[PDB]
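Below is one structure, written out as structure tokens, with a few remarks after it.
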Amino acid sequence: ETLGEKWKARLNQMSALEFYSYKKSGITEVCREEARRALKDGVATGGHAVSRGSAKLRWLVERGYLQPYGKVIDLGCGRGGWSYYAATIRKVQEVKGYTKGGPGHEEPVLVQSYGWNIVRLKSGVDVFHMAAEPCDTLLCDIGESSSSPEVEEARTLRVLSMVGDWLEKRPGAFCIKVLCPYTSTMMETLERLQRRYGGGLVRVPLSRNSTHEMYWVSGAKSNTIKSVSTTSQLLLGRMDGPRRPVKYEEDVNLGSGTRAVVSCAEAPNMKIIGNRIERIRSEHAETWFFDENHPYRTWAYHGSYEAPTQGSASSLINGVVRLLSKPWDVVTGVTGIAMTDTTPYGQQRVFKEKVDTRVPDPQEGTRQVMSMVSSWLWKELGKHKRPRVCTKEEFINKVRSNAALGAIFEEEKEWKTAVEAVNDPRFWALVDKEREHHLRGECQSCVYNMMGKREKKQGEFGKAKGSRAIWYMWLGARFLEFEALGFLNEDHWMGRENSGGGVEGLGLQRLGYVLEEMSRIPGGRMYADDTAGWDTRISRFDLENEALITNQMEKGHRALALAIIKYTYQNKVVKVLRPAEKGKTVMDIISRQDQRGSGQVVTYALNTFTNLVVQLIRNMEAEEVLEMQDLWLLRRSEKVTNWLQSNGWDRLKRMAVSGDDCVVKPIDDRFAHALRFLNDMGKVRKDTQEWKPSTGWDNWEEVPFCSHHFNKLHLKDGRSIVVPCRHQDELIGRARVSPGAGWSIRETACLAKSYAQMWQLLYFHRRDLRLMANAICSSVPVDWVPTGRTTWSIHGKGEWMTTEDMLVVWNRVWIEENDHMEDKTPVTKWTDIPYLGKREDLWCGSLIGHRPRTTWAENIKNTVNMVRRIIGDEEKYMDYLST
Ligand SMILES: Nc1ncnc2c1ncn2[C@@H]1O[C@H](CSCC[C@H](N)C(=O)O)[C@@H](O)[C@H]1O
Ligand SMILES: [Zn+2]
Ligand SMILES: [Zn+2]
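First residue of the sequence shown: 2526, per the UniProt record's numbering; consecutive thereafter.
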């Protein structure tokens, strides 16, 4: 009936060659070949448009049909060229992009375009079901072209019926894709919506002649019938007559590097750290400069200089495990797992969103409750035990050669390994120099080195996930730390003996008995919620409450300890890698005064201590001790210790805290909603509504702690044992990954057998895990030594790292030293040990009963012998499970 319905009717009536003639007829395109080579390789620093949209926004803004500023929201970001051209715009200060991705559709692409430090993209977002947020610049490139206009209209109508909820929160500028602007109902809806919110409709000539797509933009204004008739008229005319020529233009060059950002960081205490700062400038004043494009909000930018890049994102496959696990070639949770990006880029694109935050300063009443509980806990812990200066002897006793250098200055660049340095008196001479400087109150060398951690983690966007940062000091600074405070890890201040709540050292075997004994305790439900990024939530108040143990020290120990505390913990200086613009990489040096590193000696101890303080505070709030105004200021300060010395240990042995993670069994169910002191301290719950009640649990077998839930199993004879478990796909993926680049197959099979014996030792109750471990240990030479690390948990001591038989190892760890199993009778055979329940094994990620696992299990000897043949025959193998 209309100029558009008739044009679309003609466009459908054509054939494939008339289609090809008309599609590109008379528009402008972009010289996209440069950008598409940089994308073929993945060259982020090239600074090219990831899409053709970058030019559509370039045109819509540069012609002046858009007035972009402030906080931007890209709806349907797809790759993200719109978001990436937004990051370049001067008045923009944060760009949020949302997309769906997944199967078939476009996952977000990560580049180094100018301003990449303000770009947060997510996938798996059906935006119709996303709530509204008040953005300053609204972007919607969400359209879905088709042959029949009946679905074009409905899809644009659903698109608008969604974006209106967003637009009624008044953004300053907008650009929304309009796929069908040419039908009766669409003309009606466009007129009514232009009246109710403003704006104007523009057709872009870069856009193909094959869709009626127009854009609803802010800085422009025009009538709907007029612009639509303009577009349909011109489209109808370009069909007949001359096939008119294409106009070439060049793609917008986005640039590269970070962007100048809000710097609301606290001023530095210059005289604590100035020695180290000016030492670094005196050492690297050659290329010393200040980059204005620091993407640091909560860190004090102190400068940068050129440096070499470290790490990679490449992930190699362990073919032993993979070829033996051919049926897991399908599960996404297994094959999508890979390595973590430890490059400067991969470290910073996690840094700018996980570390560049500033904690709310808890109120003084919560501050006083924190200090009260911390002092009471220092008293109750330092009751039996008392501090002591750790010795250089114990330091070299615990040390081994696989530690990290921390090579910062020229005086520390001699050695290559740890054991090489520990027996050289020049080392202890510089240590004594820094110790006497610490006693005088000046820090020269205690500087933090930082980079991303190499982890075996789930892949995101079908790519390598960004690496969480780890930052450690110089071994001499770690020695000063140890002589001051390492007594907390040495003397087991956190062991369940002295504390009651902690479990410092206890392996994953006994912890299930701790859970059973805690479940036998009556009360409410069991509440175990992980804390979001523990190290980043630590405040100065938490640190100053931790510095209280010094009350029980002597004068020299307290001098060294408080010197290191104040010059190291309460004042931190860091050296990090950052990808500079156009290839080059730089090292920046920054500073702050709160949070804590995972590279500290007493990381586990400090995490467990402040976590227990918080749990005590939450049990006080749950059991109504702390009133609602007491966040502001403390009323009746006595009744805090009145409850501490009446129920402190009583509620304390109902706790299991291990650094980051925690488990509590309170008195009643109110613990689920005692969240106000918890939120005020800066210790929020990870990815759950900040005020929603906590999810409790009843059956202790289904409680997670340190990535494991435990199960009780009766033996085939009668004894009762408690075993750890997690999802099978995670362990299979971790084993499938090879951490190292360039390792010989001998050592890769060493890792294969390491994982194999780890499974035989821990996850034997999983049918596939024991089966595959027997198969790996079979096809792998029992000669070679297991090397490498499996799971980074400190509760994994490393018991499967020997060619000794796992049956004997099993008897020793589960019966002879089993403190919670009295019967010392060692069972003699493998198949006497029971599996997990059929249903519970299937639930924890097992593939039993399915035809691929059946097929692979019947050809197991074929495949294992294939493995032996590939390694190299006439090596000493062993045919482990036969039944
Ligand atoms: N409902 C939805 N929510 C989020 N993303 C969607 C979506 N529907 C489609 N998408 C994705 O968003 C893309 C829209 S085109 C993306 C253009 C982008 N703004 C640019 O800068 O060039 C599609 O490829 C599709 O995969
Ligand atoms: Zn120092
Ligand atoms: Zn389980």
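Using N, Cα and C, we set each Cβ at its ideal position, and we do this for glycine too.
Query                                                                                                                        : Result
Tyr-2826 - DSSP class collapsed to helix/strand/coil                                                                         : strand
Paired residues, beta bridge with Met-2975 - DSSP                                                                            : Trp-2996
Cut-off 8 Å between Cβ atoms - residues of its own chain near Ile-2842, not counting five sequence neighbours on either side : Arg-3261, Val-3262 and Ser-3263
Per DSSP, cross-strand counterpart(s) of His-3234                                                                            : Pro-3229 and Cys-3250
beta-carbon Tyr-2623 near ligand 1 non-hydrogen atom, thresh 7 Å                                                             : yes
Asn-3236: CB within 7 Å of a non-hydrogen atom of ligand 3                                                                   : yes
Distance cut-off 7 Å: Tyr-3092 Cβ against heavy atoms of ligand 2                                                            : yes
Residue closest to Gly-2984, alpha-carbon to alpha-carbon, out of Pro-2887, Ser-2839 and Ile-3192                            : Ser-2839
Presumed contact (8 Å Cβ cut-off) between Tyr-2639 and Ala-2657, rounded CB distance                                         : Not a contact, Cβ separation roughly 29 Å.
Inter-residue spacing [alpha-carbon to alpha-carbon] between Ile-3373 and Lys-2851                                           : 14 Å
Cβ separation of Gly-3258 and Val-2620, assumed to be a contact under 8 Å, to the nearest whole Å                            : Not a contact, Cβ separation roughly 32 Å.
Distance cut-off 7 Å: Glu-2959 Cβ against heavy atoms of ligand 2                                                            : yes
8 Å Cβ cutoff met for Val-2703 and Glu-2669                                                                                  : no
For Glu-2554, the three-state DSSP class (helix, strand or coil)                                                             : strand
Spatially closest choice to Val-3333 from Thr-2714, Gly-2605, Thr-3353 and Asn-3236, by CA coordinates                       : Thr-3353
Integer Cβ distance of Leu-2726 from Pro-2706, believed to fall under 8 Å                                                    : 7 Å
Limits of the unbroken beta strand (DSSP E) element including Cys-3187                                                       : 3186-3189
As assigned by DSSP and simplified to three states, the class of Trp-2741                                                    : strand
The region 2623-2633 / the region 2593-2606 touching (three or more Cβ pairs under 8 Å)                                      : yes
Contact test: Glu-2791 Cβ vs ligand 3 heavy atom, cutoff 7 Å                                                                 : no
Cβ separation of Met-3112 and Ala-2825, assumed to be a contact under 8 Å, to the nearest whole Å                            : Going by Cβ atoms, the distance from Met-3112 to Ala-2825 rounds to 16 Å, so no, they are not a contact pair.
Inter-stretch contact (C-beta, 8 Å, three-pair minimum) for the region 3030-3040 and the region 3327-3346                    : yes
Beta-carbon proximity of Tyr-2997 to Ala-2929, cut-off 8 Å                                                                   : yes
Three-way DSSP call (helix, strand, coil) for residue 3412 in this model                                                     : Within the shown structure, residues of the chain are numbered from 2526 to 3408, placing residue 3412 beyond reach of any answer.
Inter-residue Cα distance where the pair is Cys-3302 and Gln-3285                                                            : 10 Å
Sequence ranges, alpha helix (DSSP H) only - wholly within the region 3297-3368, length at least 4                           : 3331-3336 and 3363-3368
Sequence-distant residues of its chain with Cβ nearer than 6 Å to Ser-2752 (five each side left out)                         : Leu-2726
Whether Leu-3068 touches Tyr-3052 by CB criterion (8 Å)                                                                      : no
Pair within 8 Å by beta-carbon distance, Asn-3070 and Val-3138                                                               : yes
Short Cβ contact (8 Å threshold) for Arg-2801 with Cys-2665                                                                  : no
Residue burial classification, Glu-3152 (beta-carbon count within 10 angstroms, cutoff 16)                                   : exposed
Sequence-distant residues of its chain with Cβ nearer than 6 Å to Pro-2820 (five each side left out)                         : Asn-2642, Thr-2783, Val-2786 and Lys-2877
One or two residues paired with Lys-2702 in a DSSP bridge                                                                    : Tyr-2740
Any non-hydrogen atom of ligand 2 closer than 7 Å to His-2809 Cβ                                                             : no
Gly-2762 burial status per 10 Å Cβ neighbour count (16 or more: buried)                                                      : exposed
Three or more C-beta pairs below 8 Å linking the region 3013-3031 and the region 3170-3178                                   : yes
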